[PDB]
Amino acid sequence: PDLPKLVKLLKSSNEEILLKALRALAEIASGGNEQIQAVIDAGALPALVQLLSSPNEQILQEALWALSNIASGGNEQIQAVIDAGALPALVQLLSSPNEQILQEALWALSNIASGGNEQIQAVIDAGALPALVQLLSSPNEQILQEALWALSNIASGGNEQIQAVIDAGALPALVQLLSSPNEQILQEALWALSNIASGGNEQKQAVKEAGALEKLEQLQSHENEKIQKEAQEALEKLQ
């Protein structure tokens, strides 16, 4: 196969040869879950990461594309990326001026964040809990959206898991963002809270402290039918 032979370029200096072998891994990365595993062993996980710290936008834009695909693999596959050193790197991209870089960089993070329990706990320990919370209060809606993926994903498991998001300070963050004239956010925010308020007596009470108690009550009389149902079902859970 041309898996390793293609990776060698990533290390090479020749730009023409590097770039040419910077998109390939991508097209192949998104060739199916089973294919995602082939890329890992191939030795592209680290190679791509190294590109994260590159000036050339064309290079980064690609590095994130290929990395994102692999990040959208299976539970085990995703772990491979976490055990490569792309965690303390991809996150750094979040704090970038370029819109494209931050855009793709976020996608890769969201894809990974959407892992299993053990996988999620790994992200929390890394220290990306608060770092994401701050993003919630950003002007660029594009970044704000993806920012919800991670948070939500993190609170998509056992009660304890959901706690990691509460301790960070998502309770209030969601309560504020909830008050937005945007429909994309009005739903996203809810998707998170609703998930956090789906635990036990300890998890529920934690939500009451937030403030959604109102945002959920007001939604009861919303235009959208689906949103009206989710709000009602979510409210009853609190009571």
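As deposited, the entry is annotated with solution NMR as its determination method.

Undergrad: Tell me what's going on with the overall build of the chain, and back it up with residues and numbers.
TA: A tally of regular secondary structure across the chain gives 17 helices and zero strands. At 20 Å, the chain has a C-alpha radius of gyration in line with the 18 Å of a compact globule built from 239 residues. Overall, the chain is about 60 × 30 × 30 Å in size when its C-alpha atoms are taken along their principal axes. When burial is assessed residue by residue, the chain has 50% of its 239 residues classed as buried. In the chain, once contacts between residues fewer than 6 apart in sequence are set aside, the share between residues at least 24 apart is 62%. Of the accessible surface of the chain, which amounts to about 12300 Å², a share of 48% is contributed by carbon and sulfur atoms.

Undergrad: Go over the packing of aromatic side chains with me, naming the residues and quoting the values.
TA: As enumerated under the stated definition, the model contains one aromatic pair in all. Here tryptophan 107 and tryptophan 149 contribute two aromatic rings whose centre-to-centre distance is 5.7 Å and whose plane-to-plane angle is 80°, an arrangement assigned as edge-to-face. Of this pair, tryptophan 107 sits in helix α8 (residues 99-113) while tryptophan 149 sits in helix α11 (residues 141-154), and the two are 42 residues apart along the sequence. Of the residues examined, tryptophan 107 reaches a relative accessible area of 27% and is grouped as partly exposed.

Undergrad: For the environment of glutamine 228, give the residues involved together with the corresponding values.
TA: Among the structural elements, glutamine 228 can be located in helix α17 (residues 225-238). C-alpha of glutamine 228 to C-alpha of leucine 216: the two residues are twelve residues apart in sequence and 9.1 Å apart in space. At a separation of 3.1 Å, a polar atom in the side chain of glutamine 228 contacts the main-chain carbonyl oxygen of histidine 222.

Undergrad: So what's going on with the nonpolar core? Which residues, and what values?
TA: Formed by 88 residues in total, the largest nonpolar core has its most connected members in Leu48, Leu52 and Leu90. Composition of this core by domain shows at least three residues from each of domain 1 (1-113) and domain 2 (130-239). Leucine 90 has contacts with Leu52, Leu64, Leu67, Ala105, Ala108, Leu109 and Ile112, leaving out every residue within four places of it along the chain.

What counts, and where the lines are drawn
- Throughout, residue numbers begin from 1 within each chain and advance along the sequence as written. They need not agree with those in the entry, and any residue without coordinates is left out.
- Side-chain descriptors were evaluated using all non-hydrogen atoms of the structure, hydrogens and water having been removed beforehand.
- Only runs of H or I of at least four residues qualify as helices and only runs of E of at least two qualify as strands under DSSP, and these elements are numbered from the N terminus.
- Using C-alpha atoms as the atom set, the radius of gyration is obtained and then compared with a globule rule of 2.2 Å times the number of residues to the power 0.38.
- In this scheme, a residue with accessible area under 20% of its type's maximum is buried, one over 50% is exposed, and one in between is partly exposed, where area comes from a 1.4 Å probe on protein chains only.
- Contact criterion: two residues are considered in contact whenever any of their non-hydrogen atoms come within 4.5 Å of each other.
- Residue burial considers only the protein chains on display, and all accessible areas are found by Shrake-Rupley using a 1.4 Å probe.
- Note on ring pairs: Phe, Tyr and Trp rings are taken, using the six-membered ring of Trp, and paired if centres are within 6.5 Å. Classes follow the plane angle, with under 30 degrees stacked, over 60 edge-to-face and the rest tilted.
- N or O atoms closer than or at 3.5 Å make up a polar contact, with two conditions inside protein: a donor-capable atom paired with an acceptor-capable one, and, for residues adjacent in sequence, both atoms drawn from side chains.
- Here, the term nonpolar core denotes a set of buried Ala, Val, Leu, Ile, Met, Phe, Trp, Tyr and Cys residues that are joined through side-chain atoms within 4.5 Å.
- An automatic or database domain assignment supplies the start and end points of every domain.

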